[PDB]
Amino acid sequence: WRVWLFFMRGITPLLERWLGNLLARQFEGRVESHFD
Amino acid sequence: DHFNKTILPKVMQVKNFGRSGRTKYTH
Amino acid sequence: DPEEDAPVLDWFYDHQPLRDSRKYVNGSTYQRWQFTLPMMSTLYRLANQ
Amino acid sequence: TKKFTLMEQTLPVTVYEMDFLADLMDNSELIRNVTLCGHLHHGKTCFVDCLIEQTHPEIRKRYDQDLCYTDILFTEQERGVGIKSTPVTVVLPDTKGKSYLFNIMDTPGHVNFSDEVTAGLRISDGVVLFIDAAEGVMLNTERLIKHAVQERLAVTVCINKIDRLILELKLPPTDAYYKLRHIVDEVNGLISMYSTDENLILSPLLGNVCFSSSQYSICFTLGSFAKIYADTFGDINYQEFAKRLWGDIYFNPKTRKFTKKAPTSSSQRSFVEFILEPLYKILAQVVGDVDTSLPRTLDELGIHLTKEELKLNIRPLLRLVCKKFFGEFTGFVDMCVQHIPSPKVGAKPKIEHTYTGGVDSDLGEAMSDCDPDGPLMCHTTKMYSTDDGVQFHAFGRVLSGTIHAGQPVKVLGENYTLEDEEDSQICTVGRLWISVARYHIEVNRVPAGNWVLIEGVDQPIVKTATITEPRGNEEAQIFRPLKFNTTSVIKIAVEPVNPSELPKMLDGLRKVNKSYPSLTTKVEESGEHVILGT
Amino acid sequence: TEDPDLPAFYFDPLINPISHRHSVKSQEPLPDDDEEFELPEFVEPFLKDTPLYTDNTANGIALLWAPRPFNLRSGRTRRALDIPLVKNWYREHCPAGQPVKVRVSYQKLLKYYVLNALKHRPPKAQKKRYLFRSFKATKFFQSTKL
Amino acid sequence: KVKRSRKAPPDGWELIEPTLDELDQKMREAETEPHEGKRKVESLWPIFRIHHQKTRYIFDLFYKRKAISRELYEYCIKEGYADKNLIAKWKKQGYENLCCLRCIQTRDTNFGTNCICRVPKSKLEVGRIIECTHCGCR
Amino acid sequence: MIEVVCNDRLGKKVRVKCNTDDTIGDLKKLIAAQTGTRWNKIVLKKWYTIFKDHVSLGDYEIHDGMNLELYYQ
RNA sequence: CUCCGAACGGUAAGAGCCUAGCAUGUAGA
RNA sequence: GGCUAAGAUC
RNA sequence: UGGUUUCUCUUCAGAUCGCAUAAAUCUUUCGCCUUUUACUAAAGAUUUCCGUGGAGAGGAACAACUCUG
RNA sequence: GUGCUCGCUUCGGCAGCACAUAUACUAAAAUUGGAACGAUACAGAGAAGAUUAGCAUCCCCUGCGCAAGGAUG
Ligand SMILES: Nc1nc2c(ncn2[C@@H]2O[C@H](COP(=O)(O)OP(=O)(O)OP(=O)(O)O)[C@@H](O)[C@H]2O)c(=O)[nH]1
Ligand SMILES: [Mg+2]
């Protein structure tokens, strides 16, 4: 129980950035030549 | 697993370019 | 049994007196808790297994 | 300063640095130059911290971890054995307690570190050693007893860690007196090897044994515990007629008689009925039942414990109840009577065993008072280092003299100080002060008796050297070097990885030879820099 | 203590005793006793000897040598996700026999014991707090108990 | 229903046993009512109405009639017979017949005020048959 | 013993080791033991070829590693 | 000796006809 | 109109 | 001198703030490598989240039981 | 509605005093307009190429992207 409670403790800051843009697209709508 | 995997030269765990884990389980 | 576990009879059976005992008051909303000497002595008998 | 600990903004003290510390250094009759030896882990460096907490109001004691202030090196705090002795100068009052200079030096007790003990024993006078009450004698106790008696110094045993006999063994108090008598018989039996102190037998009746507990801050010497008894409405002539609690048996019929007979079938001695019987009772009343009868025992014994101290754990409340009861370490009054023979006044055989004669020119001169000798009589025996590691500092007890800031001293070497004068390399020692465990004083003058930390006169010094004034010295015989009493049999070679850094390893081997006394870096004939070790 | 029938302070049988304890020769009364015969005493002893030695001594002294959870007399908050209950015998050189599964399992459990403490030791500064408490103060959420 | 304590409730609980059982059976039948008929928040109106009558029975037995013991009063508030916050708002003289505890919240309204439930009819307008949507009634 | 990998869509891909003479009804019991569904509600398919419930694995020539597209009925 | 991998790189390309599970909640007279 | 290996180029 | 609790909001945290311990990012390293993400763990420092510590502000419950002095 | 007025003054009530002061994208609604590359039937990726290539100077979709990919002037 201790390891998987810490798995969701690390994914809860993660999934708001992972699936934050997924729930947002449904209502917002999505060399060396430079030195020369 | 039908091969004996001892005549083989050093080790062949997975020859599919994905060997992330580096272990042989003796330590 | 109520012979060796007498000070830990009612306190060691539920989670609501485990944080909100309010007897020899221990910070009712789960704060710094203070016990006695035979209270932790009967505790060490069960933890020894 | 990530090498060793140092001062922290000039920590305060109960003793005045000018009204009490300056006057004590001038008076040679109250000096009490001591040096603790102890066993390997018998609680000697922790015991010096208990004297600091009794003198200084710096309450940083054993709440969670230990408070070892004598071990200043960072390796001594990580490994926990200590590899450097540290002199501590504090004001420890006696039972009367006006002022004592208390020139103490806590030496480590590892068996391979015997060279640091022989440097401190041949420099200081007092050899008060600590014995752990749980184990008794050890291998470090047998070597230190032969080294102290051969140097013609004093001896005073002290059974430290006395809390282990009750709180860690649960021994009965009747058998505890039989075990404590087994230590004093073995210590006096081991002291009967050098037949020169047959009249000076280590006994608690003569004020030699001084009981204490370095772990839990207690002290139960026969002079100090009697004064604590008479202070609690006793009035039974403390330290005047209370010297009969050893072997004699008290009796409630004929209460004014400490007879040697045994009236009852179960009636132990007076020590296990007036001293060890409450000491086993006071530890059991706080560690056995802290919720019931704990203020009842504190009010009966006269110990006003606050509510904040009552809300502590079982370990610091035991030390706080004992510190409020006993208080000041008055047990060293017996260590000032039976031991600590007041150097520069009663230090006549000390100069006879250190100096190589010097009759009618330096024997009567160094045995005289502090001021009127004149050529500073300096002898350093330990070379410390600063925070940078380059600039060294000397350390030694001034025998008879006072060279404060300006007067330079010809650094008399080990072999360069005979009748054939090889080299002196005189330099002005202007940064000499007195040292402490963590703090460091800043004094100008330096009379005899005190331990002076002379700076700037340590660069032409690789071992225990002497310093004298060039203002008319008659070139007397220099002091003998300190016999470590252990041959460095182990030899390990050392060479740098990059061969271009050859003088960098050569300069480091010279600086390491000045720190450790037994480290004799002998360059081999094959070019391999060898290092002899214990 | 093997059993709580022995008293508080008792000479345990697993202790190497003192053999002689009769080195002195004091069968006759010593002349120091007649010298201290002029030393009167009528006061109470250094502590009040009204109680016995100790009543709850075997339970109290064994609680002093107990480890960190069973020795402090002031229990803190101590979250349920912060009391591991497995590292007490993980970093202890456990296996007496030799399973092939227990060897790598003890090595890997001691690996994350070190790695979560070797580099993962910050001072842990922070500035913000009360994440879900802002939702409770809104005009739409509501607190209850079930 | 399970008492969720199993701690031997004292005397006076048997005197209030069938009365609290009839109120609990009314709320369970109201909770099993379908969503038809109610417009948007009218289905939660019998949930607070059965809860308002359940708190009024314990408060009248403790304060008004004073027949129930304080040990049975504390056991009833702990088992869930009446909310402690609802009895606390009724202790004040300013609110004795409040509709719901949600209507007394100052942060619930968008304009930052109270509801129409906590307003007398004489101080209100003349033509108004309005009911509180959040609370349930006046 | 062939290791048939019942690799359906949307992450559901498990390995199912079965005997060569084992029937397809025994394979669905082993496929349900790694997937987490009722074995009666699993229909195996390979391009609209719904397998039967009584034909052995040795008749389809399903060798080792021959993956199947699992579906639910 | 027991360390067990997932997706993309993949089914095309088009003509005529046929049927569907979806969403907004307005100012106006 | 710029940078790319007279940009390689019969 | 005079208040046990509880909930909201304002700072600094250099104390194993955490007696235990997640994820992501950046700069360097290894193994596979076949396009890439999911990869393996050694070093260092930047966030997010699970949490916490003293000290002023506003409500509720006996604040009155009279707590230390 | 709750408690009180040395009120009328009966104790049936009346009048006054004190507290409580504006919830509600408002409905159980009315309609309004249509999208599978989804099945079925028809033919079945050419059985054939002389400019030699990229870099930066405007947007939809797959994807969680401070990786990436298709189409682009
Ligand atoms: N619990 C407890 N421990 C003690 C007591 N006395 C000494 N000790 C332990 O004994 C150890 C040894 O003391 P140190 O401070 O290291 O001094 P030392 O005896 O000279 O040992 P070294 O420094 O290694 O030479 C200390 O670390 C203490 O933990 C005591 O009374 N109670
Ligand atoms: Mg020490």
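Numbering starts at 1 and runs along the chain as displayed.
When the header is checked for method, it gives electron microscopy, 4.2 Å.
Cβ coordinates are placed from backbone N, Cα and C, and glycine is handled just like the others.
What Swiss-Prot says about this one:
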BINDING   D:38-45, D:106-110, D:160-163  GTP binding site
DOMAIN    D:29-311  domain 'tr-type G'
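On the structure: features taken from Swiss-Prot.
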residue : record           : Cβ contacts under 8 Å, 6 or more apart
D:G38   : GTP binding site : D:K44, D:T107, D:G109, D:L129, D:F130, D:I131, D:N140, D:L144, D:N160
D:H41   : GTP binding site : D:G109, D:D132
D:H110  : GTP binding site : D:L40, D:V81, D:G82, D:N140
D:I162  : GTP binding site : D:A133, D:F211, D:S212, D:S213, D:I218, D:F220, D:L279
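For ligand 2, no neighbouring binding-site residues occur among D:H41, D:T107, D:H110, D:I162, by Cβ distance under 6 Å. The Cβ of D:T107 (GTP binding site) has 27 other Cβ atoms within 10 Å, all protein chains considered. Of all the Cβ atoms in the protein chains shown, 26 others lie within 10 Å of the Cβ of D:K44 (GTP binding site).
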